[PDB]
């Protein structure tokens, strides 16, 4: 048996590393990749997902999704224009075409086709919120959501908020209230998931995949974000977790905050997320190299 997964992404170098591990691990069956707009437009994140899938010679379908957040106007200060949004390696132009259907339509069809799937959002959550609103019947087919985003110890857009949640707080609130079990892979662990200078050097000489990932990773040691959704699916024993109630702040100066009820004081003992609080960084490094060494 393989675990059926669907990835919703805004590649993005971090998403490229997540997709690399998901595509190549033989215990995972990646059914579908959807994209959302982020630091580049949905047209560019779509092209980037196609570039990674084509690099591995796979025919995994890509569906382009939401061009904008539900409500929060996208910060143009965060919008890179006339660039790829996934720099540091030449993929060529031979990478194929997305589906004609939207990410929401593709998610609905791919989820309803499976008894059980794990959904893995590594961008802002706009497509997931739209999916759950238009097709709430998908939820019984989803075992778990393993989401990159949030922080319980300090943000990156402000002190209070992490990028994926901050980009579409309203979509994050819909996802966090949907009643599907969530694993929160936030900055609490991703800032600890330090790919060492020694690991990054070894990566660049390993094979064509290692050369590609080295190019993306070194373009700007490196904390790895989105790839920890896949590392959690394969090695949950590498993480320390805590079940808690998570609320999304959707306005005011703390817009985009993932607020954890760390005391369990306010929600009558109810939880909606398994929050990732720590990671084995040594095993993450060993794992990352072991996995890439088996690829092209």
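Positions refer to the first chain, counted from 1.
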* Scan the PDB entry between residue 220 and residue 221 and report the missing deposited residues as one of none, 1 to 3, 4 to 9, 10 or more. => 4 to 9
* Asked: Going by the B-factors listed in the PDB entry, is the mean over the C-alpha atoms higher for 48 to 56 or for 239 to 247?
  -> 48 to 56
* If you average the Cα B factors in the entry, which is higher, 277 to 285 or 9 to 17? -> 277 to 285
* Compare the CA B factors listed in the entry for 163, 125, 132, 89 and report the winner. => 89
* To do: Return the residue from 204, 121, 150, 181 that has the highest Cα B-factor in the entry.
  => 204
* To do: Pull the Cα B-factor of residue 199 out of the PDB entry and bin it into the chain's lowest, middle or highest third.
  => highest
* To do: Would you check the entry's CA temperature factor for residue 208 and let me know if it's in the chain's lowest, middle or highest third?
  => highest
* Structure fact -> Entry-reported C-alpha B-factor of residue 225 relative to its chain, by third, is middle
* To do: Select lowest, middle or highest to describe the third in which the CA B-factor of residue 258 falls within its chain in this entry.
  => lowest
* **Among modelled residues of the same chain, the CA temperature factor third for residue 137** => middle
